[PDB]
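A.B. asks: Sending over a structure as structure tokens; questions will come in a sec.
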DNA sequence: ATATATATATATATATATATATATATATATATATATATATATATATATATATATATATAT
DNA sequence: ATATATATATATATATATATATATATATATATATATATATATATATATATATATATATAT
């Protein structure tokens, strides 16, 4: 299981650098953007 | 509903400034800390005795000295582990009682976030849909206040199980397909895991 | 024999309940309890959508890999046919593929999906639903069955 | 033998000093976001050239 | 009467210019994390005084 431990920090290093959601949560202006986006898609589901 | 829209940015402004998990995800050094903490609490559920926890942490951090891109303790890894445990207690990530440290629910949510990110076994599974089907059946039969509706529901269900009993007395019963059992059981595990966090 | 005994105890349960119902003593879910009971139902469904969204990306990337490989000159016609067949067989066997395949099998057995949608329609009509969820969530859950078909 | 006073020894508490570790505050370096500027791309204004269908004149 | 060639009008496409907006790149200000230094707090070393239990001698 320790091999998963050693390899895991690579996964989290990559995601913190790459995956959209985590990058969004990281950025300073995250709350405004997230609230606005939630507001938009909330009131309709068809796109 | 627009009032909730106006008020909501206050909620998210507060959380981004205050709540532990979000602050942790924000910090530059988030991934190392999250991986180490997950490693610690993963292998035991009783809350680690503080000495054991700090020793295991000083062991884990040594593995990441190869990760030169973030802080490496040049002379005393044990001091580093103790300092990090102090710090994470300061951030309310870990609260310790009776000498046994525990992972605050905030850190539980934080780790549950990054876990669901990568290409993974997703929160859902194939059996999820059958689960919700059965649950909707049960809930509908419950909410139905008309008694004849319950009568008919009972009649159809008893007919179903009576057919199944006729089969079983003949020995034709069928098991869950072995491969299907894998994700079927993983689904059941996923369901109950929530109870702990709440 | 374990299935036999399970069936026997369960038929005893429903036989007791039928004896009660023929007398008219049936009991409803306590009105307040039905609120969180329905909300749990909604909470379960939310996952299905957010992983069909992941299935979308999985198939998109599989298709893009197929294209980028089809550029490969050395690929004989048989090689490209084999790559399509294998990339789809393997893709269907990942957890994404298992979820998608099970949902597809529901389509063959359509009557169950239709029954689920009908029951959902009956559920959100009850007064408890008004308290349980805002109208947006009632709108979504009722057309979850269709929404899976769309995705 | 009982009860009180003194000395003895043992145990513990306390006092001061040294060293080590933690915590708080300030300074510095680094990363992130914003803004400025340049250049390029999209659209639209104006007008010209070209292309198509029609109609008229000429030839069979 | 029909078919072929030329002139006409209409429609369209195209060319060039102006302004607007997008995108890319550079510089700036700012926030975050780290590190340095000070002071403070915790522990332990060394020794002294105090406190308790005991025994021994004295007085009744």
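A.B. asks: Based on DSSP H runs of at least 4 residues, each adding -39500 (n - 2.57), what is the mean residue ellipticity at 222 nm of the protein assembly as shown after dividing by all its residues, to the nearest 500 deg cm²/dmol?
C.D. replies: Counting only the DSSP helices, I get -25500 deg cm²/dmol.
A.B. asks: Test of understanding: what is the full-extension gain from residue C:130 to residue C:109, defined as 0.36 nm times their sequence separation minus their Cα-Cα distance?
C.D. replies: 4.4 nm
A.B. asks: For B:122, A:1, B:1, what's the fewest-to-most ordering of other Cβ within 10 Å of each Cβ?
C.D. replies: Ranked by crowding around the Cβ, least crowded first: A:1, B:1, B:122.
A.B. asks: Same structure again: Starting from 0.36 nm per residue, how many nanometres of slack lie between residue B:52 and residue B:189 once their C-alpha separation is accounted for?
C.D. replies: 46.5 nm
A.B. asks: To continue, here is another question. Helix B:178-197 versus the longest principal axis of chain B: what is the Cα-based angle in degrees, 0 to 90, to the nearest 10?
C.D. replies: Relative to chain B, helix B:178-197 is tipped by roughly 60 degrees.
A.B. asks: Residue by residue through A:27-39, how many Cβ atoms from other chains fall within 10 Å of the Cβ on average?
C.D. replies: For peptide A:27-39, the averaged partner shielding equals 4.
A.B. asks: Using Cα atoms only, what is the angle between the long axis of helix C:2-23 and the major principal axis of chain C, expressed in degrees (0 to 90) to the nearest 10?
C.D. replies: 40
A.B. asks: Compute the Kirkwood hydrodynamic radius of chain C, taking the inverse of the mean of 1/r over all pairs of distinct Cα atoms, and give it in Å to one decimal.
C.D. replies: In chain C this quantity evaluates to 19.7 Å.
A.B. asks: Over what distance in Å are the Cα centres of the stretch B:125-159 and the stretch B:65-83 separated?
C.D. replies: The stretch B:125-159 and the stretch B:65-83 have Cα centres spaced 58 Å from each other.
A.B. asks: Now, a different point. As an exercise, find the ratio Rg/Rh for the protein assembly as shown from alpha-carbon atoms, using the Kirkwood inverse-distance average for Rh.
C.D. replies: Result: Rg/Rh = 1.02.
A.B. asks: Would you mind estimating how fast chain B diffuses translationally, via Stokes-Einstein at 4 °C and 1.567 mPa s with the Kirkwood radius over Cα pairs, in µm²/s?
C.D. replies: For these conditions, the coefficient is 60 µm²/s.
A.B. asks: Can you compute the modelled spin-label distance between residue C:94 and residue C:22, with each label point 7 Å from Cα toward Cβ, in nm?
C.D. replies: 5.6
A.B. asks: What angle, in degrees between 0 and 90 and rounded to the nearest 10, separates the Cα long axis of helix B:105-117 from the longest principal axis of the Cα atoms of chain B?
C.D. replies: Approximately 70 degrees, to the nearest 10.
A.B. asks: Would you tell me the mean number of C-beta atoms belonging to other protein chains that fall within 10 Å of each C-beta in B:141-153, as a whole number?
C.D. replies: That works out to 6 on average.
A.B. asks: Taking 7 Å along the Cα-to-C-beta vector as the label spot, tell me the residue A:2-residue A:43 distance in nanometres, rounded to one decimal.
C.D. replies: 5.8
A.B. asks: If I take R0 = 56 Å and measure r between the Cβ atoms of residue B:76 and residue C:6 in this structure, what FRET efficiency does the formula 1/(1 + (r/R0)^6) give, to the nearest 0.05? Could you put the intermediate results ahead of the total?
C.D. replies: On the way: r = 61 Å, r/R0 = 1.09.
FRET efficiency, residue B:76 to residue C:6: 0.40.
A.B. asks: Sticking with this structure for a sec: Across peptide C:88-95, how many C-beta atoms of other chains are within 10 Å of each residue C-beta, on average?
C.D. replies: Values: counts 0, 0, 0, 0, 0, 1, 2, 10.
What the average comes to for C:88-95 is 2.
A.B. asks: May I ask you to derive the FRET efficiency for residue B:102 and residue C:76 from their Cβ-Cβ distance with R0 = 45 Å, giving the value to the nearest 0.05?
C.D. replies: FRET efficiency, residue B:102 to residue C:76: 0.15.
A.B. asks: Follow-up question, since we're still on this one. Per-residue counts of other Cβ atoms within 10 Å, averaged by peptide: what ranking do you get for B:165-177, C:65-77, C:28-40, highest first?
C.D. replies: Working: B:165-177: 11.9, C:65-77: 9.6, C:28-40: 15.5.
Result, highest mean first: C:28-40, B:165-177, C:65-77.
Each reported figure results from applying straightforward, stated rules to the coordinates on display, with no laboratory input. Every residue, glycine among them, receives a Cβ derived from its backbone with ideal geometry; neighbour counts consider all protein chains shown.
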